[PDB]
RNA sequence: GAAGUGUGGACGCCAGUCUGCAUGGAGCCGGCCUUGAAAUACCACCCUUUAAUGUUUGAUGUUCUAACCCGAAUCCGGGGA
């Protein structure tokens, strides 16, 4: 398999460093278009417990302003307030089907509390990409009209799901070695600071810099 | 972390791919990637179950063996956990 040429390049036993990772990373992205790299690390926290969850944002290395395509989901009169607001895409719970069909043409998604449980059920697709509206993120609130306006002000959110560890998009392979590593470190630093107090033991059991699809490489967070 | 392929095998009973095996045609990865009766890619949740192996451990049945009981002066014999 083309893995043959991708395996001889990576050593599953060896734990490469940050700088080294990015280097080997580029040659592992030999494919079509510009590949997007991600960073997955193992967290040692009690899943179920809410106080164990880790969520936040890190100032990584473009794409804010009138260009950003907002998608609001409200109910009742809140729909009109969103339209006159300036939201490109507006609608109720009915538009929760089209997105499910394959429509993803949008950058940010705003919505109201009354329609959070219904959207939550369909948060398995927007959850990983950090497109799921949230209170702290200032994405969910009655005054949606103000939300969309306050937008275009400038964050890569990170969370968890139902399968294992945690990750986030670091950048693309086209980027230089210095740039990429410059991001990997920033993300790790923003993660260790998000470590819950109750969490005991090794927070990051194992770090691994791997693109969307490209020979997973384990690295040292330090 | 060579198996994928198209006709090739196993230790507890049923299928998708994995390794030191052996090779051709099936194309180099790929298979993969728009057929009704044979159909899609990424990090806690009912499985998270089941199946197998090693260690610790609970109950039952068998054999053997030191306590105990009886016979005998003793040796020892009979019975027997």
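Please read every residue number as a count from 1 along the shown chain.
Cβ from N, Cα, C; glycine included.
The annotation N6-succinyllysine is assigned in Swiss-Prot to A:100 (among others) on the grounds of experimental evidence. DSSP assigns residue A:100 (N6-succinyllysine) to a helix in the three-state reduction.
The annotation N6-succinyllysine is assigned in Swiss-Prot to A:149 (among others). Residue environment of residue A:149 (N6-succinyllysine) contains 14 other Cβ atoms, counted within 10 Å of its Cβ in all protein chains.
Taken residue by residue with DSSP, residue A:181 (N6-succinyllysine) is part of a helix. Residues annotated as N6-succinyllysine in Swiss-Prot, with experimental evidence given as evidence: A:181 (among others).
Residues annotated as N6-succinyllysine in Swiss-Prot: A:192 (among others). Residue A:192 (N6-succinyllysine) carries a helical DSSP state (H, G or I). Cβ neighbour count for residue A:192 (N6-succinyllysine) (all protein chains, 10 Å cutoff from its Cβ): 12.
Comparing Cα positions, residue A:149 (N6-succinyllysine) lies closest to A:100 out of the modified residues A:100, A:181, A:192.
Around the Cβ of residue A:100 (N6-succinyllysine), the number of neighbouring Cβ atoms within 10 Å comes to 10. Residue A:181 (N6-succinyllysine): 22 other CB atoms within 10 A of its CB, across all protein chains.
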